[PDB]
Every structure is written in structure tokens, then in C-alpha cells.
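Residue numbers (the entry's author numbering), protein chains in the order written: chain D, 2 to 137, 158 to 159, 167 to 236, 247 to 259, 334 to 351; chain C, 2 to 137, 158 to 159, 167 to 236, 247 to 259, 334 to 351; chain A, 2 to 137, 158 to 159, 167 to 236, 247 to 259, 334 to 351; chain B, 2 to 137, 158 to 159, 167 to 236, 247 to 259, 334 to 351; chain E, 2 to 137, 158 to 159, 167 to 236, 247 to 259, 334 to 351.
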Amino acid sequence: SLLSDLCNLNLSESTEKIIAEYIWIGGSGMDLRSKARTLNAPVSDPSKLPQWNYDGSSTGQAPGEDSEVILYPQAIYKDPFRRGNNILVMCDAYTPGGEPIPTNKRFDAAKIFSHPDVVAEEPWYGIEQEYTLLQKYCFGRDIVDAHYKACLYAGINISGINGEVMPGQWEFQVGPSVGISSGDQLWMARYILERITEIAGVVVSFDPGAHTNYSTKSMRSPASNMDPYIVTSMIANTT
Amino acid sequence: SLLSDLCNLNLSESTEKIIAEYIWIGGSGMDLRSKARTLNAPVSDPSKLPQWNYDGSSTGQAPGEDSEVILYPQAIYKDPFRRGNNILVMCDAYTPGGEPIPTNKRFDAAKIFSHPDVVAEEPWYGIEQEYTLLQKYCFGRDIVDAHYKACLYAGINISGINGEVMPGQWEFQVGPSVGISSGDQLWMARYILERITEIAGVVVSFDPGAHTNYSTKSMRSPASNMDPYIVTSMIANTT
Amino acid sequence: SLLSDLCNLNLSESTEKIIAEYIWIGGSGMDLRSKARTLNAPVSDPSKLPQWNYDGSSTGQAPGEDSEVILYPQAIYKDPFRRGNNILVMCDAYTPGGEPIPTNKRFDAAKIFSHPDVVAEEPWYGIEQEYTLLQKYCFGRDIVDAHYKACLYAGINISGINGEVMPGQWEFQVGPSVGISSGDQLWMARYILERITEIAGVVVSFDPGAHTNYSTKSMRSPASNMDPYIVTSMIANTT
Amino acid sequence: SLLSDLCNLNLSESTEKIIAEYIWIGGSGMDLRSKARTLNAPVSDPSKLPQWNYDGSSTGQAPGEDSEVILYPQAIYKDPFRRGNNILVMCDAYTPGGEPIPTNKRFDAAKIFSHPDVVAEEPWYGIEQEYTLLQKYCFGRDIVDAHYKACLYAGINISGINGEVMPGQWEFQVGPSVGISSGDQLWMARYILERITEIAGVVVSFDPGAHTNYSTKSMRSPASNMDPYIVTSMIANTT
Amino acid sequence: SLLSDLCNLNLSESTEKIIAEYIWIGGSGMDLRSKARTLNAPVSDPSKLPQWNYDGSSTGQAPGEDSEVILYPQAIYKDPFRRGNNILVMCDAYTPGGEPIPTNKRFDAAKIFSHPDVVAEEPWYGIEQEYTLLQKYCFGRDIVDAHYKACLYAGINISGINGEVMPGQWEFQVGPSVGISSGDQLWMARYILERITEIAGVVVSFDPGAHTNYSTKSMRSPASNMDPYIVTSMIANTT
């Protein structure tokens, strides 16, 4: 009863102001980090949403002398937790000057997908990621049901889950999305899980496979902890 | 308060997407299994539902070299746990090629009920199933009341419950559903109980009797853990 | 949070069906029993409700060779727990053939009240019932407040309660109702208490008195565990 | 979750009936106690409510041979707990025959305030009541906030609270009300606190000084556990 | 369930009365204190709100012989813990006669910001305060989420928060506001945190560096536990 009467205030009636949560990829390459900011009005097109920046030296992606790391918005989705107009934004990391940071891995994938052949093919990607739940075939079904509902609420194109033979570990399927967004969504969806898991007190382990589905218009008419952009771009170049 | 604010989000306002839960009889013949999937729009006609697949070797119905088992949609009911428009779909198991799996037991019952004599008789079937609740005449009445409410919410034609002399064990009845659907409903209703029981932390035992009552147009003018299709077809052939 | 999200579903929106809880007096003469049934549509007139049956041998009111006992619907009230259209029904016990069961004590009271002199007098009855609460002037006050509100919700003509000198015990006063219905209501209201007490985990003791108030048209212009029909009929035809 | 789903039923939709809580000063002079009754329709004028009574022998204000104590409704305010239309009534004690009971202390104050000079002056009274909370400047702020909101809900003209230097003990100011009503309100306000405190499981101690503020039309143009009527009437006679 | 059904009553429907909470800086200079009062109608312009006063001897800002300390309304904001129309008011401390109290630090800041040069420059201030949570980059995120939501609800122009490297300590950045109001808001916002922390049972420590951002119209076209009015006025005089 205590402290939960808050966190649900319909701030829209009182203030037109909104919050945006900046999500980016941690320096280690297997960690994800995020922190908040306030915007005067809701923003749905990532072009309108202004850039921002942070201190990267503490994140292990730049030395202390030059720690500032820039961030440009890439994906805009609705926030599942702060159920108002509040939005989550998926943004990538850039070192000062405009060049992509070595841990970005997004700039190359985007420039590959920008090629006319790839966009003409319009590839569809579905990555089959399996995870496990640990204490701090078809335990805690509430966690997975909440995750599924939240992912469909945000805008993640997730197509289905299942139980599996190993005790307590599951798998969820992300549906075919238009181009690199597919890979994007994976990371974003992954983020949501931890927060929901943080509500319960469980530990989510993604440690190892990740089956990749590929399709193109020319025909229709991997590790779990691996960056989807790496496999999504690599399979496109190969095919 | 935690994690229960989720699982109730009215996803209908945000997305037109729906969840569909695929439920089918397990390989052992007494086990019942399911896993989830996502559909673009709700569909209440079982014809329009696409088929789907799964792995049967892990479920004890395939040796392993040929593990894939097919699924055809048979029954559509509303989901009580996810509410909204979410639907449970009852499906039967078929080995590749279209032949029924040995543990199916539905194809023969359906072909018997498809006989013109049986459909002309229009049989009405009422099953008398009793169960017991264990730790993990007229204890935990909340469980049975919740089960009754959920069953009437879904569409199960359940006609009533009662207490009995043995401590804590009850019995519920399925009314006059049209033909083989009656048998269908039994299995489906059984499923719901476990999930509701899964909410509480009890174990449901159906171990042994299930009285079977039959009626047709001609006259009007069994074990608890036994397949309703077997009894509903055997008595139909006898009469 | 768990399992209480159910038991409150507005089943009226989904299905037009209703539950009815058939209520009768136990074989011991002071125990009260009931079990559920389903009706296609809500009905507020006790005449329309069909009769029903049960097993009396397990209830100690008939030997095993001839155990079936009949039930006729007598009183219709709204259900306090199943807050929809669901209705409780108070019914009396009859041995097969149409004769009243020895533990009925109701047919004779009804036939006495059917006398033209009695209906001309239009007697008003208020029975003063005292009870006590045990662990399993003016402790568990929420229990008695809930009882008061639920009884007012159902249709029971109750009027006022209080605490008294002995610790923890209360008493509730039933308003003057039209004839035998008064006695009826007592029993029905009695039932509600146990269910509400069943929600909490208390023991309700009715062991001893029961003050009876009598009034007729002529003038205006007992133990707690005693059947109200006995005192209501005995105090009548005597004044 | 259990037993609290009740006690909030909107009984107004079902029944036009209402509950009414008859409140009177205990025999010892330092106790305020009450018991319930039912009324056919809500009434906001204290004249219309019926005369009533109770048994006073156990209350220590009348011997056993002549125990009945007579009660007339005086003040009507809305109930904070049984929300909706339910009303608390503040009533005084009368020895049978029309004479005020020795512990009443209201008849003399009312007859003093009925004097033309006092009503012409139209005195305003502000009583400074302080209390302490015990285990069973500016601890359990929820209790005092609830008391504040409930008092403003009912109609008690309370003007404010604050903390104080002594650990955990507060004080509240009752605003200037029209004549003797001021004193009236103080008593009822006290009552509400215990009930709210009864929700929590605390002990409210009023043991000692209630500062009294006096004002009239002529100029504008005491123990905490002492009866407000005594000080309110005494200061009026002195001034 | 208990006592939380209260504290949320929509007092607006019943009574037009409102509560107003008077907040003033404590005598020690590092403590902030408050107490409640009642108003006939809601007040949004601080001019309309009448002055008030309190006892300062217990607050350590005046000796016992002359303890009374006056208060004038300065800032009006909406209340998060009482919702509806209820308001908080931030007021400054003055010794009797109209001169500012030595611990005020507000009159001098106001007279400096009232200078024509400063108001012409229209300075924008953003103070960056960090805090730590103790038992009684980017633990208990519910507390900080609730604080952020409450601050945006009240009217505090806070710009965003973040996690940091040291375990459990955060920082919140308040956006630019029109002149001295900026500093004002800081204090007010700080207050809210403790109350929310009071809901949970944590200890908020502000012990240190409050980064100060300064801007004016001329160019556009500090300890954490230090008074914002001191720094916001000192930097204005310097620049």
C-alpha cells in the first residue's frame, strides 16, 4: 500500500511535460545503461528529439582526460512502466566529433542496410533468443507474462514465447521488422526484461544460442549474448 | 503491489495485436501442455486460425529423428487470466503428413460423431468429474469459486459444483454442449483449473470416477482421468 | 494480490448465465448446508425456479437405501459475495413423494400462517439473536460491520447491532417482516455470517436466548439456537 | 485483500435504507460510546430522527432496578467510515421522565446559550485540544492526516493540526462554530480519532490543557480532558 | 488494506474547504519544517494567502521571552501527498516587526534580484544537487521514480535525474526558472523527497557539490547542503 499509490500519477492532466529515458549500450559490450531526462512535449519522431551526452570514463569506453560521449536518438517507443505518455528512446554512442565509438557497432550496420540492394530486398529478421531465470517443456510464469504484455505494449514486434525442457529457462521470438529496426528491437526488448525482473528480484542470464531467420523479396515472390547488429548485417552481406 | 500492476494492462487501446495460447494433450496421455503465440488481429472463427508446429520428441510422442508435430485449431474460447480479447485455442496433435498421432484420440471420435445418425440424434452429454486439492458434504472455497467464475467467463458450459463428504474434494459438472464439443470442453475446463491452482500453490489430483450421462432426440421426444472422447464415442456407438 | 483479481469478474458482460446457491437446513436440525447450481437467466420469482435434488444419507436425514431428498425454491435474495446478478435461494427439505421431511419444521408453520385469521392479523415478528466470536456494553468490529452491510445488501430486514458487557459478543436485531418471511430471513441472515466469518478465520458460536417481539393488527389499531419457525408459529394462534 | 472488499459496498444503489450510529457520553464522564441502528431513509434534520434509548445499568449511570436511559438526537454529520449516505448522530442522555441525566451536562449549557443576550452576542469558540499516541516542534503522520481528512469530510469545523516538541504528541484546533455547536463538535471529533486509531492499533491519551478562545459580536465590531460544555458555558456566563 | 482506504478521500465533493501546509526553514539553517492549517477556499496567488505565525523558541531562532516568529506566503504549489486541490506553501521567516530573521536569507536575495539590471538580464539558474539513501552509473529506483513524478506533479521545474558510480547515490537537476524562483524551487523540491522517503523508511543525506549553472539575456542573444539563495545571489552580483 505504501509508496505504490505514487508511481502511477496521471501527470498528463496536471503538466504537459514528459520524461524521456535515454538507453545506450555499455562500454563492456555486454552491458546496457540508461538515465533519465525531461522534455517539454512528447516526441514520437526521433529526428525532433534533441541529442544529449554523458560521461563515458566511468563506463569504460573513453579515458578520463576525454570522457564526454555523445548520444543521438534512434528509436522511440512507449514506456511500459510509467504508463502515461512517457517514452523510452534507444540511442547509440558516439565519441566527440561525430565518429562512431568502437563499441557502437550500429553505424556500420546502418550504412550496410542503407545500400540500395538491401533496401530493395527489404529483409525480414527474427532472432530466437533464449534466457534463464536464477535466484539472487511448455516457475514464475507471472514474470514472463508481464514481460510479454509489456513488450507488446511498447511496440516491440515480439511474436511469441514458450517453455522449454531445461528447468525454468524460456525463449521468446521477435517478429519480422523492417530492416535494421529488427536488431534494434531485440536490444530494446532485452532492456525491458531486466526492469521487470528488477521488480521481482530475479537474475536474468542470457549466457549461451540465437537462431537467426532471414528472408528477402528475391525469394518470397549465433550466440544469445551477441549483438544482433553483427549477425543481422553479416547475414545480409553474405546473402 | 509489485508486479501485479502489470499483467492487467489493457493492450487493446495501444495495439490491435492479440495473444493466442496453443493448448494440446501431452504425449503421456494424462499430461496437458501449452505455449504461446501472437496474432495480428483477434479471430473467433477456428477455420481462419493458421496451423502451427512444435517439437514432439521432448514431449514423449516422437522418437527424436522425426520430432516435429503439427497442430490444427479446433476450439476458440476467451482467456480468463489475460482478459481483454486474448483467446485460448484448443488444438489436437498430428504427426507429419496429416495422419492423427497415436495419442490424439480425437480424429476417430470426430469421424464417429460425423455419422448422419449421430448428428440426427443430436446427443447431449454431461460428464461428472471429481477432483481433490492437496498441499504442495457441501477448505479453500476461493479456489473453487474462482474456477467456477473463470469457466463461465471462458465459455465452458459448466452447470454446477458441490462439496462432498471426503475432506476437501469437490466435483463439477459440464452441461449439454452440442455433441463432441462436450468432450472438448471437459479437457479445456480441466486446463483452467491447474492455472488457477498454480496461482495459489495447491496440487490438483484427478486420480480415481466420472459418470457419463447421454441423451438424444430419439428418447427425449468411467474414470475421472479418462479421455472424454473415448467415453463419449464408445457410448454413442453402443446406443 | 494473487487469486483475488478473480472472484470479482463482471460475468454479466460476457455471459447472461447466473449461479444460484441452493440453501437448506442440515439433518442435525441446527446445521445449515448449501451447494451451487447454474441457471440460464436470473429469476427473482421463487415460483419460476425449478425444484432440485440431493443426497440425504450423507447429511443424516434419510437411510442409505432411500437417500434422495427433494428441494423446492422458497426465498430469493441477492448474493453479497458474488456481487453480480448472482442470487442465493433458501429452500426447504422434502422426502420423496411430496411429504415434508421430519427436520423441515416449515410446512406446518406455513399452513398455520395460511389461516385467514393469521393473514388478517398480519403479524410482525422481530427475533433478537445473540452470538459470540471465538478464536479458531456498546474485537473484530470490521467483521460485524461487514455483516451488517452485507445483510442490508442482500435484502435481510436487519435493524441495528451493539456490543454488550461480555467481551466480544454482539447481537443483531431483525426488523418486522411480513409474516413467516421474518423467520425465513433469520435463517438466511444466519448463513451469511458464517461465510463472512469464513473469510476471516473466526468461530461463530450461537450457544445460549432469543427474544421474540409479537404484534398484529388487533393491538396496533426462546433460545438463540432454536428454529425461528417454531417460536414464530408457537407464539401465534396463542395470543 | 480478504474482508476488505466488503465494507465498501455502495448500498445506496441496492437499498434506500441507511444505517445510523447513535453516540452518547458514557456514564463515567470521560468515555464516549455508541451503538448502531437502521433508518428507512436518510434524514439531515435532527428533529425528524426518532427518540430512542438503551440499558444504562451496565453503563454505571442508573441502578439495576431503573436502568433505561432515554436518548434524543442532537447533531447530524456524515460518517467517515461507512461512506456514502450513512450518518453519525450525536445524542445526549436523559433520565426517564424528561429530566437530564446527571452525566448529561448539556441541558444547562443549552439553556444558558438560549438566553437572548448570548445569542445576540453570537459567541465563537476555539478549543485547543492536544493528545498523545502510545503503543498498545514542527511518528505515524498517516494517522493524523487521516484524522484531518475524515474530520473535514464529516463536518467537524477543525482548522488545523501541528507537531510539537514532545515526541509524537500533536494538537488540533477546532474552528469557531455557531454557539454550543462548537462544544458539540469537539466531542464528536474525539470519537472519530479512536475509530481511526482503532484501525491502526494505537492508544490515544488525552490526559493533561484545552485552551479556550472566546469572541462575540460586542468586541469584534481548561483541561484537555474536560467537557467542552462546562468551559464553553462557564466562560459565556463570566463574560 | 487498513488505514490506506483513508488519506485519499475526495474531500472536494463534500466540502469546499482546503488544507494548506506552511513550510519554513528551520532555525538550525539546515533543517526544513512545516505544519498544517485550513482555508475556506483554495489559494493560488501568494498575495491572497493571509500571513500566519508560530513559536520560534522551540525552533532555536528566538529566545523564550520573545519567541513568536511571523510568516508571509511566498510560493504556492500543488500537493502530491494529498492530491485534489490541496496545496503546499513555502514561506520565509521574519522576527516580529517586519524585519527578516537572521536565518531567513530570503529578503536580501529578493532585494538583489529586484535590481533593474538583474531583472533585465533575466537570469536562468540550474542547481545540480546530489543525495544518498541510507538504511535507518546511470537500489530502490521506486523511491527516485516516485520523487521525480511528484516533483513534476507539484510544479517544480526539475529537468532529470541519473544514477552514479558510488553505490546508491543519485543526483537531480532542476531546470532554469525565472529568477529567484529557481532557488526557491530547490528548497521546496528537497522537502518533497523527505516525505516520500518518510513513506519508505530510508534516510536521505545531502552531505557533499551543488553545481551552479548561470545564464542571462546578455550572453544568450557550491556545496549541496548550501542555501540556493546565497549562491544564486552571490553569482548574480559577481556577474
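Where is the CB? At the ideal position from N, CA and C, for every residue including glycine.
Got a sec? Which residues, its chain only, sit under 6 Å from residue i by beta carbon, not counting five neighbours each side?
i, result
"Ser58(C)", "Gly65, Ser68"
"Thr351(C)", "none"
"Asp80(E)", "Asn87, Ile88, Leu89"
"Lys106(B)", "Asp339, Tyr341"
"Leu40(D)", "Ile19, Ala21"
"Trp125(A)", "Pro204, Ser253"
Tell me, to the nearest whole angstrom, how far the beta carbon of residue i is from that of residue j; I am working on the premise that it is less than 8 Å.
i, j, result
"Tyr23(B)", "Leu72(B)", "6 Å"
"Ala111(D)", "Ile208(D)", "6 Å"
"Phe114(D)", "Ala348(D)", "7 Å"
"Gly168(C)", "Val230(C)", "7 Å"
"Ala217(E)", "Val202(E)", "6 Å"
"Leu7(D)", "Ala178(E)", "6 Å"
Tell me whether residue i is buried or exposed, calling it buried when 16 or more other Cβ atoms sit within 10 Å of its Cβ.
i, result
"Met31(C)", "exposed"
"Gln136(E)", "exposed"
"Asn54(E)", "exposed"
"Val120(B)", "exposed"
"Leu3(E)", "exposed"
"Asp93(A)", "buried"
"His116(A)", "exposed"
"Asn185(A)", "buried"
"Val70(A)", "buried"
"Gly98(B)", "exposed"
"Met257(C)", "exposed"
"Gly196(B)", "exposed"
"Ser345(C)", "buried"
"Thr104(E)", "buried"
"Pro51(E)", "exposed"
Is residue i helix, strand or coil by DSSP?
i, result
"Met257(C)", "helix"
"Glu131(A)", "strand"
"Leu221(A)", "helix"
"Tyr181(B)", "helix"
"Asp173(A)", "helix"
"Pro124(E)", "coil"
"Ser35(B)", "strand"
"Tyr158(D)", "coil"
"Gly168(E)", "coil"
"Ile189(E)", "strand"
"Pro204(B)", "strand"
"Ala248(D)", "strand"
"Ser45(A)", "coil"
"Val231(A)", "strand"
"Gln197(C)", "coil"
"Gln136(A)", "coil"
Cutting at 7 Å between CB atoms, please list the residues of its own chain near residue i, excluding the five before and the five after it.
i, result
"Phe82(E)", "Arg223"
"residue 306(D)", "Placed between 259 and 334 in the numbering, residue 306(D) has no coordinates, as chain D goes from one to the other without interruption by modelled residues."
"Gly85(C)", "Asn11, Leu12, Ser13"
Among the residues of its own chain, which have a CB less than 8 Å from the CB of residue i, if the five just before and after it don't count?
i, result
"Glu123(D)", "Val206, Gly207, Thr254, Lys255"
"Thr60(D)", "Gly27, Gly28, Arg34, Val70"
Report whether the distance from the Cβ of residue i to the nearest heavy atom of the ligand ZN is below 7 Å.
i, result
"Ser5(D)", "Looking for the ligand ZN in the displayed structure turns up nothing, as the structure carries no ligands at all."
Check: At which residue ranges does the stretch 47 to 88 of chain D contain complete beta strand (DSSP E) runs of 3 or more residues, listed in the order of the chain?
Finding: 53 to 56, 69 to 79
Check: Which ranges does the alpha helix (DSSP H) cover as unbroken runs of at least 4 residues, wholly within the stretch 4 to 28 of chain E, from first to last along the chain?
Finding: 12 to 15
Note to self: Which complete beta strand (DSSP E) runs does the stretch 85 to 112 of chain A hold, if anything under 3 residues is left out?
What the structure shows: 88 to 95
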